[PDB]
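Written out below as structure tokens is the structure these notes cover.
Protein chains get the first letters and strands the later ones, always in sequence-line order, with residue 1 at the start of each.
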There are 4 protein chains.
Amino acid sequence: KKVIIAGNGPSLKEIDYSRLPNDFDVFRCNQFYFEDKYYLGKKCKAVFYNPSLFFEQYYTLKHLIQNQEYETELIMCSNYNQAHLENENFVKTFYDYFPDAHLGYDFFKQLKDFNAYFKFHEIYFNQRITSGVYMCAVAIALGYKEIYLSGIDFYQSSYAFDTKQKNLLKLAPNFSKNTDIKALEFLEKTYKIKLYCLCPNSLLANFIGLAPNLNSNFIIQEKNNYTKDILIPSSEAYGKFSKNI
Amino acid sequence: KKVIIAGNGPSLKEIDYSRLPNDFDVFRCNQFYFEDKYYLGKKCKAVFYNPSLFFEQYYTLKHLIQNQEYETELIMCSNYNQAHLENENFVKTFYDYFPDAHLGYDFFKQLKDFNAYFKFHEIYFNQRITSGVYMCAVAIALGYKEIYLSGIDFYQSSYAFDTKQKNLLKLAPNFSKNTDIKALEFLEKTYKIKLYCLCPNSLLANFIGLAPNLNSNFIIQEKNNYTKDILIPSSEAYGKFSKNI
Amino acid sequence: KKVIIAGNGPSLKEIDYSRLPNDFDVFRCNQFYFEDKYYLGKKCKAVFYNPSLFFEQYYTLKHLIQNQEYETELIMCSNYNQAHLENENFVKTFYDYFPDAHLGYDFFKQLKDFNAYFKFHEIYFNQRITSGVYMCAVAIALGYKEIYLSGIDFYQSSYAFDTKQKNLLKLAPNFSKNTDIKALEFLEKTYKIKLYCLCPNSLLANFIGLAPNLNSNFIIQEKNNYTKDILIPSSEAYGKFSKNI
Amino acid sequence: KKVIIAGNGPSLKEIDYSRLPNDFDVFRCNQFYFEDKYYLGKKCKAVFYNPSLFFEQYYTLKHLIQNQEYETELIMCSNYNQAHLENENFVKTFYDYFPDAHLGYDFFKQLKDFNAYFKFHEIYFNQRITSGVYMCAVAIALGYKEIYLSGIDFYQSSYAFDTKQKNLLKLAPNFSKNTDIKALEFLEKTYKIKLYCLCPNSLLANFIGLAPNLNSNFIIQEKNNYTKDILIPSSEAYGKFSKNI
Ligand SMILES: CC(=O)N[C@@H]1[C@@H](O[C@@H]2O[C@H](CO)[C@H](O)[C@H](O[C@]3(C(=O)O)C[C@H](O)[C@@H](NC(C)=O)[C@H]([C@H](O)[C@@H](O)CO)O3)[C@H]2O)[C@@H](O)[C@@H](CO)O[C@H]1O
Ligand SMILES: CC(=O)N[C@@H]1[C@@H](O[C@@H]2O[C@H](CO)[C@H](O)[C@H](O[C@]3(C(=O)O)C[C@H](O)[C@@H](NC(C)=O)[C@H]([C@H](O)[C@@H](O)CO)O3)[C@H]2O)[C@@H](O)[C@@H](CO)O[C@H]1O
Ligand SMILES: CC(=O)N[C@@H]1[C@@H](O[C@@H]2O[C@H](CO)[C@H](O)[C@H](O[C@]3(C(=O)O)C[C@H](O)[C@@H](NC(C)=O)[C@H]([C@H](O)[C@@H](O)CO)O3)[C@H]2O)[C@@H](O)[C@@H](CO)O[C@H]1O
Ligand SMILES: CC(=O)N[C@@H]1[C@@H](O[C@@H]2O[C@H](CO)[C@H](O)[C@H](O[C@]3(C(=O)O)C[C@H](O)[C@@H](NC(C)=O)[C@H]([C@H](O)[C@@H](O)CO)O3)[C@H]2O)[C@@H](O)[C@@H](CO)O[C@H]1O
Ligand SMILES: Nc1cc[n+]([C@@H]2O[C@H](COP(=O)(O)O)[C@@H](O)[C@H]2O)c(=O)[nH]1
Ligand SMILES: Nc1cc[n+]([C@@H]2O[C@H](COP(=O)(O)O)[C@@H](O)[C@H]2O)c(=O)[nH]1
Ligand SMILES: Nc1cc[n+]([C@@H]2O[C@H](COP(=O)(O)O)[C@@H](O)[C@H]2O)c(=O)[nH]1
Ligand SMILES: Nc1cc[n+]([C@@H]2O[C@H](COP(=O)(O)O)[C@@H](O)[C@H]2O)c(=O)[nH]1
């Protein structure tokens, strides 16, 4: 079946909606909820978060669902089983702290040839795929055959929204393209799936062919008084989770 | 099949016995044996104890069985796989120290949606279900469909008995309602089971409908010269178990 | 099928051979090879050694087999998964250091009720079964139905041989009955097997009925120039095994 | 089916090619690529590397494949699950750092009798088989029935090539026969396979019968401007792998 995978680059705001497939699931990641409109609707099949902020993102996502801003069926942590990248205890105890979520690596590792591809480039050449590509690998492992890409701009404005929000900055004060492109080519060739681009003005469209025009319609709902920053758990909550950070 | 789940609140002494089901199993917990009469009989299907006193409670239970005060088929430890709540070595080595007992979490975790529900409230909001509710989740995991509740009073006298006994005080010198009520509602709705209340005068009866009057009979046997305090193992026994405390 | 289980008490020298069963396997333990005659033949189905001397006993057994003194099909370590009794790394790495041997606990633990029985008495009352009884439990787990006992004397001369040998003393300078008797009664009743005694003059014969007289014959071969002390591995070998001691 | 197993001794240069089997797979190890000609072709079924240099050898092998110098289907690490021989974290995390490779021990250990044979000699007598013999055991575990040996000379010039290369010396400045011979005899007798020698002038041919002359042909391709030293990863790569070295 068919999936739309969305990064959070500026092209998220410039999807050509006549090229949307007839039916589909949606994958989102990281600060997706910062978007000022529902560019791909409220309903997610899966959302993906990095280990470094998973504790805060899970808490924030439960707020989004309760407040009827989004829904999702799956919740994934984008990990790799690498000591230099992730806390060992966090991975070991994951299913006991977050019983309705999944370690993304449990799916990523089912693609042996791609896992090998990723590890060689990360360890020896310091070349790492982004979340956009990570989500593609997980979709392929779950059985999707046609993947439609949006919001992937290779960092050239940084984002489809203003990302410099108070709480996020408190947690992460920090707030090439070859790596992602070669990885997508490998996935397509190795696993016999099809990639499409939904964003004609994106740099991605230079490398990946456009989804065909099907005269599809889509209503873009605007958002108001919405959650536009990550939420920060209590000091007692951090105390309980402190081995895993 | 049918189960009666008993906490140790004052309502344990005020069961309406005409509402007992036609056939049933009984679950008890913690200091249940402090009761001055056999309010639910001598025969237990399962008994539940917290990790913090399991070593002493297991020793005490073997005395109760040998002395013909109670019998039980199952022995459960009420754990959650949470580092802030339980000793890691205790859980790791449990089946080798207590081969005829079970970790309650081995059953609790089979209810994925409830495990997620519990963990979110405990970790982020410092809201924890009590043993009464824990036993309900385990019963549901074991296949019970009709659950009859007693001895659940939400701590307002503290107990159906005087709990301030010498040994217990030596081990634990320490000797809201929304959390338990919302959790029971979730269990009932999610797993399609039925909850009943056996205690008409209890606060519980404001939230959970009464078991129907079936004109049942029950003989309440009085107790004499009985074990009414926890027993304390030898210093040599503590020495052997010291990694797990 | 039928098994003869032998301890190393003085009664090993006073078997009534007319009571030997028509066909059988033999279990031996610890310093059995110190015997001055082949009281039960050269062929063992299994030999059992304690964790504390396993490293040296395994080395010694390979010498016995090469020198054509004994043979055995199985090699067992008599462990319990108890931190106060055995080195944790020794158990964890056992199958990689001794690939043709077994941890006895892998069989012992298949008898859940007896494992529980043993652990309760050891941990809380400092009452421990001996190797003789351990071997019985393992035989029952392996499917034996009729067990014939010898060399079990409850330590009242200590042994059927002089145990005060140079190397053994170097490794272990140290070189009641109720516990073993109650444990054997439990095994017999719980698992529905039959116990017999082969040694009419033993204290054991006061508690366990004699094997029936079948007019069987047995040739007792004498031993000469034989291995009558444990062997000590090189200092380099100890260096390699030092985490496990 | 049929396999040629090659060590890197001087006899690698003196194969009698009329004795090559009609069809076959090839196993190579360690510094095989230092060879000045393709003595057994470019195509390997498997290549084997020691834990001590695996990090650098894997990196080097990926270069060889990209540069079209060799190909291989399998990549094996020649380990034994022994603390004195290999880094514990290296083994624990192996499949996550090298997803397209295998721990050789996962196959070696399938030969229980040989694993026991190896461990006894290594631990107690400081007698260790070489990589040549290790590869034979792995071939047998994978189902091969006829094994053809080359490049096994028992270290008497050291090698079929000059091994004193700059990078290798930087990583390993260090750059009897009874053990290997008795181990090969054990493998042959125990697992019912056939061993042949391809090198008539080798010391091996004194102990193992020659492969029959089949009038086979083989073209020995010369090598030019080829990789003749191990490659050294960046300091950043070592930083990431530092727990495993
Ligand atoms: C991108 C980079 O290398 N940044 C360097 C910093 O490294 C980051 O350090 C963090 C410390 O908690 C985390 O370990 C980051 O690791 C993750 C993460 O964010 O959790 C691991 C994820 O698996 C990975 N996600 C994917 C899909 O690959 C993310 C991801 O790469 C992004 O967050 C990167 O923007 O990273 C880890 O990247 C740090 O060493 C500083 C030095 O102090 O240098 C930065 O250059
Ligand atoms: C209730 C509470 O938070 N009390 C606080 C103390 O926390 C207790 O500390 C104990 C130290 O050994 C245990 O870790 C207690 O944890 C358990 C337990 O009793 O073993 C874990 C059980 O899984 C849990 N049982 C259930 C069914 O949820 C029990 C249970 O919640 C009751 O025993 C609570 O009455 O707790 C742990 O609760 C401690 O931090 C002191 C500070 O020193 O503050 C108390 O407020
Ligand atoms: C018998 C006793 O309690 N002796 C006390 C000593 O305890 C011994 O300490 C040893 C130190 O390496 C071992 O841990 C002994 O544990 C075993 C063993 O010999 O390996 C564990 C075995 O599972 C057990 N075998 C069986 C079949 O039960 C043996 C066995 O009980 C006999 O070896 C006992 O004679 O023990 C452990 O028993 C030690 O604490 C000294 C104090 O320094 O006090 C002794 O009383
Ligand atoms: C051969 C020997 O005993 N050399 C002694 C040194 O021991 C070497 O130390 C290394 C330190 O990183 C490694 O642990 C070597 O272990 C392996 C290896 O090279 O990785 C383990 C492999 O499984 C083994 N391979 C096979 C197929 O058996 C190799 C192999 O034996 C060869 O590399 C040996 O030439 O060894 C380990 O052997 C070291 O203790 C020095 C003292 O400082 O003394 C040397 O005699
Ligand atoms: N300018 C951008 C911002 C994000 N992306 C993609 O969106 C994904 C989510 O953004 P982030 O920076 O939070 O990882 C990111 O991993 C890339 O796949 C991009 O391609 N170009
Ligand atoms: N006053 C009371 C005392 C106990 N209970 C219940 O009885 C259970 C056992 O009592 P305890 O305090 O030992 O956990 C407790 O977990 C609650 O479920 C109660 O509801 N009200
Ligand atoms: N005097 C003795 C000596 C040994 N035994 C038995 O022989 C077994 C082996 O002797 P040992 O002391 O090495 O554990 C021992 O465990 C007992 O089961 C005995 O019963 N009486
Ligand atoms: N002179 C030699 C060199 C190597 N070998 C064999 O070649 C194998 C690979 O060589 P190496 O030294 O890297 O382990 C080695 O393990 C032996 O099996 C040999 O037999 N004689």
Does the distance from a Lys or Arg side-chain N to an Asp or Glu carboxylate O, for D:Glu35 and D:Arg28, drop under 4.0 Å? yes

> Is the distance between the ring centroids of D:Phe98 and D:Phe54 under 6.0 Å?
Replying inline: yes

- Below 6.0 angstrom between ring centroids: does that apply to C:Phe90 and C:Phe94? yes

Check your understanding: Is it true that C:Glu73 and C:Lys43 have a side-chain N and a carboxylate O under 4.0 angstrom from each other?
Key -> no

Ring centroids only, cut at 6.0 angstrom: are D:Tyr196 and D:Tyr148 within range, meaning strictly under it?
yes

Within 45° of the axis and under 6.0 Å from the centre of the six-membered ring of C:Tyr38, does NZ or CZ of C:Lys223 qualify?
yes

Assess the residue pair D:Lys177 and D:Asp180 against the criterion (salt bridge (charged side-chain N to carboxylate O under 4.0 Å, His left out)); give the C-alpha distance rounded to whole Å, side-chain angles, the decisive distance to 0.1 Å, and a yes or no. CA-CA 6 Å; D:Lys177 82 173 174 280; D:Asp180 274 5; over 6 Å; no

Less than 4.0 Å between a side-chain N and a carboxylate O, is that true for D:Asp25 and D:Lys2?
no

Q | Close aromatic pair by centroid cut-off 6.0 Å: D:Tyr226 and D:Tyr33 | A | no

* Asked: Would A:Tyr117 and A:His121 count as a close aromatic pair, with their ring centres under 6.0 Å?
  -> yes

Side chains of D:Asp106 and D:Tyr95, donor plus acceptor under 3.5 Å
yes

Interatomic distance, NZ@D:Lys62 vs OH@A:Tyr124, rounded to 0.5 Å, equals 9.5 Å

Are D:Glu146 and D:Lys194 ion-paired here, with the side-chain N under 4.0 Å from a carboxylate O?
no

Review point. Taking the six-membered ring for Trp, are A:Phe114 and A:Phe118 ring centroids under 6.0 Å apart?
Key: no

Look only at the side chain of A:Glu188 and the backbone of A:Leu195, and say whether a donor-acceptor pair between them is shorter than 3.5 Å.
-> yes

